[PDB]
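>>> let me see the structure of the following:
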Amino acid sequence: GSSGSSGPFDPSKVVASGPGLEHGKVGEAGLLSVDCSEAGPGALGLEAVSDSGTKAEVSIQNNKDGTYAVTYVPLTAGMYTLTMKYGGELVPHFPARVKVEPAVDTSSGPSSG
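Numbers count the residues shown, from 1 in each chain. Please see the structure below:
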């Protein structure tokens with residue numbers, strides 16, 4: 001007996017977490033998981049922008065668990081400003097500042113070139 005119904009909309013009900021919201025690296029992908037319980041309908045969206053006005057590549061994917069897989073690839077290191085919005089309303093997990101480190105490696109290896 002599965003009795004489920006779409007309740008009222010609410011951005012507060014949206015729960016966003018993950019390592020991406022803790023830290024990031026140039027070229028890496030900020031793993032972000034959004035667990036919606038009673039957030040009702042509405043569309044999800046995120047906007048990544050660095051202090052130097054740098055728009056990072058962001059994508060949103062849906063899951064059979066009713067969650068969303070948000071990822072961001074910082075092209076340049078520096079302080080980033082994550083901006084999430086659910087149904088046109090900011091979430092309790094944004095904006096969220098995150099310091100991203102450079103993709104500099106001490107040791108070298110086989111470069112595709």
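>>> which strand in this structure runs the most residues?
For the chain, the strand that runs over the most residues, judged by DSSP state E, is strand 78-86.
>>> what comes up buried for it?
Under the neighbour-count criterion of 16 or more other Cβ atoms under 10 Å, strand 78-86 has 80, 82-86 buried. Placement of C-beta: from N, CA and C, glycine included.
>>> residue 43: which of the residues you listed is nearest?
Here the nearest of the buried residues of strand 78-86 to residue 43, counting by Cβ to Cβ, is residue 86; it sits at 7.7 Å.
>>> do a quick rundown of the strands in this structure.
14-17, 24-25, 32-36, 44-50, 54-55, 57-62, 67-73, 78-86, 89-90, 96-101.
>>> turn those strands into JSON lines, columns for distance to residue 1.
Shown next, in JSON lines, are the strands of the chain (distance: least, Cβ to Cβ, whole Å):
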{"stretch": "strand 14-17", "distance to residue 1": "26"}
{"stretch": "strand 24-25", "distance to residue 1": "44"}
{"stretch": "strand 32-36", "distance to residue 1": "22"}
{"stretch": "strand 44-50", "distance to residue 1": "29"}
{"stretch": "strand 54-55", "distance to residue 1": "47"}
{"stretch": "strand 57-62", "distance to residue 1": "25"}
{"stretch": "strand 67-73", "distance to residue 1": "23"}
{"stretch": "strand 78-86", "distance to residue 1": "29"}
{"stretch": "strand 89-90", "distance to residue 1": "33"}
{"stretch": "strand 96-101", "distance to residue 1": "39"}
